[PDB]
């Protein structure tokens, strides 16, 4: 009972996972994964762009059928929605101006303005640990606004996925003056364990079909060859 067309929501402002090229086409590792899974599922798929914080609400409202948007698999989210098996890992890390003394600690970030994606696990962490304790945490509709406000000096630092920042900003023209500030931050509760396809809890058949296609594309080496387009390391993690 899979839909004739699976509607997949994604936030196209998170290179190299999900973004738009110059003529508006969806590109990145999430898009590649989704399209490959849809192929093996033998279903048509329609990509739907949305701000990140609108994805889970759109899913719950059945305006989309799935989310592939670096969606972290967390205990909290598992109470509202279901997930496919892990698509890849996604650690979190701060960036700031090169040579910045900033570390991902309250003491370091006091007085600093820190940008986070609204609706993200990074926002959850930053709100609880930093915002409550006086740090000017600013939440943004999308990650592109964060990068812009950073380079415009409205932000001192920003918290997002390590790989997104690296491949999508630090290794891009806009980020040549910026670097990681401190190590990545582990936090079981807030950050979860990898990303997955977000799905409605009752769509058992759809989850089975994604899980099946995902295992198959990992079995035959397609995952690693697709990954190699973007990463020279183990993006899957454990």
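Numbering follows the first chain given and starts at 1.
Here the stretch with the larger average CA B-factor, out of 22-30 and 63-71, is 22-30. Averaged over CA atoms, B-factors in the entry run higher in 142-150 than in the other of 73-81 and 142-150.
As recorded in the PDB entry, 100 shows the highest C-alpha B-factor of the residues 92, 127, 118, 100. Split the chain's modelled residues into thirds by C-alpha temperature factor. Residue 205 is in the highest one. Residue 55: CA B factor lies in the lowest third for its chain, per the PDB record.
Looking at the C-alpha B-factors along this chain, the one for residue 215 belongs to the middle third. Split the chain's modelled residues into thirds by C-alpha temperature factor. Residue 109 is in the highest one.
Among the modelled residues of its chain, residue 163 has a C-alpha B-factor that falls in the middle third according to the deposited record.
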